[PDB]
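Descriptive structure summary
Residue-level listing of the chains:
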Amino acid sequence: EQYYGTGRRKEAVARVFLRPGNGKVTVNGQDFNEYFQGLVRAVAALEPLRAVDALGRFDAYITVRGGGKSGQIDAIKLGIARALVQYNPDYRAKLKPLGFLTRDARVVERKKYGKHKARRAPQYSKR
Amino acid sequence: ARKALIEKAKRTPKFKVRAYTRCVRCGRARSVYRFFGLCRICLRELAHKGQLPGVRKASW
Amino acid sequence: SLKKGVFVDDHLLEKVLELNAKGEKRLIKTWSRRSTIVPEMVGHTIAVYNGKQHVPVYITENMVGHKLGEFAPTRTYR
Amino acid sequence: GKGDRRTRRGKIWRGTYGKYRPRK
Amino acid sequence: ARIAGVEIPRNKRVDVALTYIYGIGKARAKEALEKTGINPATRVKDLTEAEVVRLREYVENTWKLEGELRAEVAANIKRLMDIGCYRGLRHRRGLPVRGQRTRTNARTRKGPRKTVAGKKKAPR
Amino acid sequence: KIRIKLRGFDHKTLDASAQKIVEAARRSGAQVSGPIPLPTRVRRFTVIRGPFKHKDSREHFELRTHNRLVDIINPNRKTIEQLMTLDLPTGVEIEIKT
Amino acid sequence: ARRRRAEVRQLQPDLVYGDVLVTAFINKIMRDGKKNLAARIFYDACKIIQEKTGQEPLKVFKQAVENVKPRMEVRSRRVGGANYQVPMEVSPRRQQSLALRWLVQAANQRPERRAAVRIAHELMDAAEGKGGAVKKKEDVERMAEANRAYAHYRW
RNA sequence: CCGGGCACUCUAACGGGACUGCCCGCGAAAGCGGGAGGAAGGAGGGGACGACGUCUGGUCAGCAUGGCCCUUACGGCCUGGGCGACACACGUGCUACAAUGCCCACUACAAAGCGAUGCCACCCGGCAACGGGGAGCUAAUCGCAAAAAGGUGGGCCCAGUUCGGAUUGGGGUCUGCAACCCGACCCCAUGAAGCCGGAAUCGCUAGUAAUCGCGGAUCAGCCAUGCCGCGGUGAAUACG
Ligand SMILES: [Mg+2]
Ligand SMILES: [Mg+2]
Ligand SMILES: [Mg+2]
Ligand SMILES: [Mg+2]
Ligand SMILES: [Mg+2]
Ligand SMILES: [Mg+2]
Ligand SMILES: [Mg+2]
Ligand SMILES: [Mg+2]
Ligand SMILES: [Mg+2]
Ligand SMILES: [Mg+2]
Ligand SMILES: [Mg+2]
Ligand SMILES: [Mg+2]
Ligand SMILES: [Mg+2]
Ligand SMILES: [Mg+2]
Ligand SMILES: [Mg+2]
Ligand SMILES: [Mg+2]
Ligand SMILES: [Mg+2]
Ligand SMILES: [Mg+2]
Ligand SMILES: [Mg+2]
Ligand SMILES: [Mg+2]
Ligand SMILES: [Mg+2]
Ligand SMILES: [Mg+2]
Ligand SMILES: [Mg+2]
Ligand SMILES: [Mg+2]
Ligand SMILES: [Mg+2]
Ligand SMILES: [Mg+2]
Ligand SMILES: [Mg+2]
Ligand SMILES: [Mg+2]
Ligand SMILES: [Mg+2]
Ligand SMILES: [Mg+2]
Ligand SMILES: [Zn+2]
């Protein structure tokens, strides 16, 4: 019945659900290709299914919260993987080989005092 | 003139406008806090001793 | 900018109003460069303070919604 | 630009609201 | 078409056109459409002969509109000259006038940076 | 029905003092909702180390205000004796409602 | 850096044509971290390839690139009395970088009002073999060889 | 939203984890390069942490403090002025010179903080700043609140322009006894220099630079474009 994976990527938590059937995709109450209209990176989150090859099979029901639309697309791209990895003891041959598993620890770092932007150091006179 | 001031500050009779702050420990008018009641100088000092409840060398 | 009042200090009109009595002399000093000019207060040259001395400034209708301060120069070398 | 009061941005940058950026 | 004084915008849309008049900004522009009645997207080249009139009428008639406008402006400043109120001067001395830092900037009311100069420090 | 708050500072104590009010709230009758740790409100403030002029290398502190909630389902005259008289907060603070 | 040899950052394949050599470009096209605008332009440019040419977009871009990778450039050097400009080989790594770069710059240097069109046409010319890049490549070429004298400083 | 449910998410408190223990290569060792499993290796990536001493460094104006000096004043109060002066030079900054743009209507994705004569929903008045009413909050359970860039479609058309908002005139609002010197917003009208900056020179090696919006302290109000923080989008390059 339900197939879930914890979608999380840079202050973005996505809830992935996979129901066999058509292929319809939903997020926080909207059609995938509608909630992400404009973002040419949208069709990237579904890329995991496109290599398992098994797209026309899971009516995925997601709900991502927190972060940025793109960040969300990342959280999702991990859920769609973490979710279906569960219901396929053999589908491990992709989440490890085709690097689809990493929280991307890559995240914004604290702004140190005396550095306009956590690193960009102020100007300089000397004279 | 920093003695007569601490007192002058305490008194308040005139227009609430002029009612201004000033460090509790040291007679300092600049960089005080609506909390602690201490000045940056003072605060950090006490802070290091521990006499400032729940206050801890921040870390994140 | 005052739209309900006129913040024009009282020890002025007080001394201006009593002077309004048949209208006598005029020489009158003050430190209210912060108050406003009152209509009909023309002819009442009011020396205003600036921090140094009192500028013997005449006062006429041309100037009214102004402050006696605008009329007193605070700094030197204008 | 962020410097024109009579503009959505300008008003925003200034942290204000008004005829060019009303409160809904 | 000469709508005002001696001003005539061209081959553009009226909403932008009028702008080219002293006294008429973007505001008063659309302010003469709720009372005039015309579709802004229209170029000044093509448009009913009457529209121009009903336009010019409103515009010129309503308020006041280059010269004399531009002329009143002076007077005020002239008036500021009176006995010499503070804000009155500054215009007199050609300095900024709403309290700013003449020390550094203010080059907009100040004359080109008339350099001239100054201090020297002993080498030995 | 009766609600109880738990602020304070050292989450080392507050945790215990709170936890106590359950192992002792069950023995007094009605069941209870396990010590729930709600979010922490924090007080951060920076200061310029030097007492003069050194806007850099300054130093800021924190003041973690831990909160903690727990609640009894049914108000037994039993529990009352305990809670009301078992006031044992070293540096803790507790608010109670309904 | 003096320490390590430094390893090349890898890129994520395109979403439309799926090719790093593409993303690379889009990136170079991107100004102020705004990819959506960076990609569109690029693609919108291809949507203006079929018209100006019944060619497969992917191949024009691919060619344009090849038509600019500078076989060789000159890099300064100090010795004494004056500085000789030594001419030497160029690994694809830098070639691609250069080529790609020149493309974008050249584009924006064009007089086409829209951006799509610029990258667009620019791509075509290059692809063909006569674009600002082509020139900026040729120039670099000229520079070298001519300085073959000092070439014996390959270092 | 109601009943109801801890599975998610999360909040916050306690644990396991990674130790060169495995394999190959080099060696006397320590230990280097390669590889698998793994979320993560060989200090995993950031914080806190800065030796003996150095600059007769800084600060007697935060405080403490030896010596010196003043006492109807070198002490104290007060109203007014000043620290905001301006022919000029520099430092750091902010907004820009535009179509990878600007404007306008609509529609989304944050994090981190903050709040008692305090933040204000929601109404009615006003073009608006804001003002009369008035619900909720002792605040993961109400408010500040809107993220902006983005996405949609609509308007400009390469022009000092619908680029850019300085300057000034007129009309207002709010805090405060009080905005002349000297506050910040608002609206109308003005639309300045600037079409990318000499000699020079700065920052940054990845979630960094660049770019966009947000919180807080101080604080009636505010000259904050500052500072201290948060998050969104998200690169180029490193032969040597
Ligand atoms: Mg950032
Ligand atoms: Mg410095
Ligand atoms: Mg004194
Ligand atoms: Mg005050
Ligand atoms: Mg503009
Ligand atoms: Mg020589
Ligand atoms: Mg390379
Ligand atoms: Mg050996
Ligand atoms: Mg560490
Ligand atoms: Mg010294
Ligand atoms: Mg002392
Ligand atoms: Mg005074
Ligand atoms: Mg003053
Ligand atoms: Mg100063
Ligand atoms: Mg000034
Ligand atoms: Mg929304
Ligand atoms: Mg915050
Ligand atoms: Mg919060
Ligand atoms: Mg209503
Ligand atoms: Mg009220
Ligand atoms: Mg009210
Ligand atoms: Mg202005
Ligand atoms: Mg430049
Ligand atoms: Mg140049
Ligand atoms: Mg040079
Ligand atoms: Mg670095
Ligand atoms: Mg801010
Ligand atoms: Mg404030
Ligand atoms: Mg100011
Ligand atoms: Mg500053
Ligand atoms: Zn103090």
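Residues numbered from 1 in each chain as written, not as in the entry; some residues may be left out. Chains lettered and ligands numbered in written order. Part of a larger assembly, values for the part shown. Heavy atoms only, no water.

- Its PDB header attributes the entry to X-ray crystallography and lists the resolution as 2.8 Å.

- Per the PDB entry, chain C is named 30S RIBOSOMAL PROTEIN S19, and its organism is Thermus thermophilus.
- As recorded in the PDB, the entry bears the title "Structure of the Thermus thermophilus 70S ribosome complexed with mRNA, tRNA and paromomycin".
- Quoted verbatim from the Function field of the UniProt record, the comment on chain C reads "Located at the top of the head of the 30S subunit, extending towards the 50S subunit, which it may contact in the 70S complex. Contacts several RNA helices of the 16S rRNA."
- Quoted verbatim from the Sequence similarities field of the UniProt record, the comment on chain C reads "Belongs to the universal ribosomal protein uS19 family." (UniProt positions renumbered as here; feature names shortened; annotations may be inferred.)

- Taking the PDB entry as the reference, chain B is identified by name as 30S RIBOSOMAL PROTEIN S14 belonging to Thermus thermophilus.
- Here chain B is described in UniProt, under the heading Function, as follows: "Required for the assembly of 30S particles and may also be responsible for determining the conformation of the 16S rRNA at the A site (By similarity). Binds 16S rRNA in center of the 30S subunit head."
- Looking at the Sequence similarities heading of the UniProt record, one finds this comment for chain B: "Belongs to the universal ribosomal protein uS14 family. Zinc-binding uS14 subfamily."

1. Let's talk about the overall build of chain B
- The secondary structure content of chain B amounts to two helices and zero strands.
- The principal-axis extents of the C-alpha atoms in chain B amount to approximately 45 × 20 × 15 Å.
- For chain B, the residues scored as buried account for 25% of the 60 residues in total.
- Per element, the accessible surface of chain B, about 4,900 Å² overall, is 52% carbon and sulfur. (Helix = DSSP H or I, 4+ residues; strand = E, 2+ residues; numbered from the N terminus. Buried < 20%, exposed > 50% of the residue type's maximum accessible area, 1.4 Å probe, protein only. Areas by Shrake-Rupley, 256 points an atom, 1.4 Å probe, with all protein chains shown as cover.)

2. Topic: the protein's contact with RNA strand H
- With respect to spatial proximity, 176 residues lie near RNA strand H, and among them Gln72(A), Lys67(C), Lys11(D), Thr102(E) and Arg113(G) are the closest.
- Across the atoms of RNA strand H situated within 4 Å of the protein, the share located in sugar and phosphate is 78%.
- Contacts to RNA strand H include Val42(F), whose backbone N or O atom sits 2.8 Å from a phosphate oxygen.
- At 3.4 Å from a phosphate oxygen of RNA strand H is found a side-chain nitrogen or oxygen belonging to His66(F).
- When residues in the surface near RNA strand H are grouped by element, the largest group, five residues, is from helix α2 (residues 35-46) of chain G.
- Its residues assigned to classes, the surface near RNA strand H shows 54 nonpolar, 43 polar and 79 charged. (Near = heavy atom within 4 Å. Polar contact = N/O pair within 3.5 Å; in protein donor to acceptor, adjacent residues only side chain to side chain. Nonpolar A, V, L, I, M, F, W, Y, C, P; charged D, E, K, R; others polar.)

3. Overview of the interface of chain B and chain F
- With 17 residues of chain B at the interface, the matching set in chain F holds 17 residues.
- Summed over the three residues of chain B that lose the most area to chain F, namely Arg40(B), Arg44(B) and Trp60(B), the buried surface amounts to 34% of that side.
- Between chain B and chain F we count two salt bridges in total.
- The tally of links from chain B across to chain F stands at six residue pairs in polar contact. (Contact = heavy atoms within 4.5 Å. Buried area = accessible area lost by both parts, 1.4 Å probe. Salt bridge = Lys/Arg side-chain N within 4 Å of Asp/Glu carboxyl O.)

4. Re the side chain of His121(G)
Residues and elements named next belong to chain G.
- Relative to the assigned elements, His121 resides in helix α5 (residues 115-128).
- Using a relative accessible area of 17% as the deciding quantity, one classes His121 as buried.
- Sequence-distant contacts of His121, defined by excluding residues within four places in its chain, comprise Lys52, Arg110 and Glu112.

5. A look at the UniProt feature "binding site: Zn(2+)" in chain B
All names here are of chain B.
- The residues that UniProt annotates with the feature "binding site: Zn(2+)" are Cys23, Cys26, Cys39 and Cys42. For the residues just named, distributed over 20 residues, the greatest C-alpha separation is only 8.3 Å, placing them together at one site.
- Relative to the helices and strands, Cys23 resides in the loop between α1 (3-10) and α2 (40-49).
- With relative accessibility at 6%, the residue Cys23 sits in the buried group.
- On the secondary structure map, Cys42 appears in helix α2.
- Setting aside residues up to four positions removed in sequence, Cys42 forms contacts with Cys23, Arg25 and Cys26.

6. Notes on the arrangement of the chains
- Contacts are most numerous between chains B and F, taken over all five pairs of chains that touch.
- There is a clear gap between chain B and chain E: no contact, and 24 Å between their nearest C-alpha atoms.

7. A word on the interface of chain E and chain C
- With nine residues of chain E at the contact, the number on the chain C side is six residues.
- Of the roughly 790 Å² buried at the junction of chain E and chain C (both faces included), carbon and sulfur atoms supply 57%.
- Considering only the side of chain E, the residues that lose the most area to chain C are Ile83(E), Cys85(E) and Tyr86(E), jointly responsible for 44% of the buried surface there.
- Applying the counting rule to chain E against chain C returns one salt bridge.
- Inspection of the region where chain E meets chain C yields one residue pair in polar contact.

8. So, the side chain of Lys77(A)
- You can see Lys77(A) is positioned in helix α2 (residues 69-86).
- One buried charge, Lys77(A), has no salt-bridge partner; the nearest side chain with opposite charge is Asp74(A), at 4.5 Å. (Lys, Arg positive; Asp, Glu negative; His and termini not counted.)

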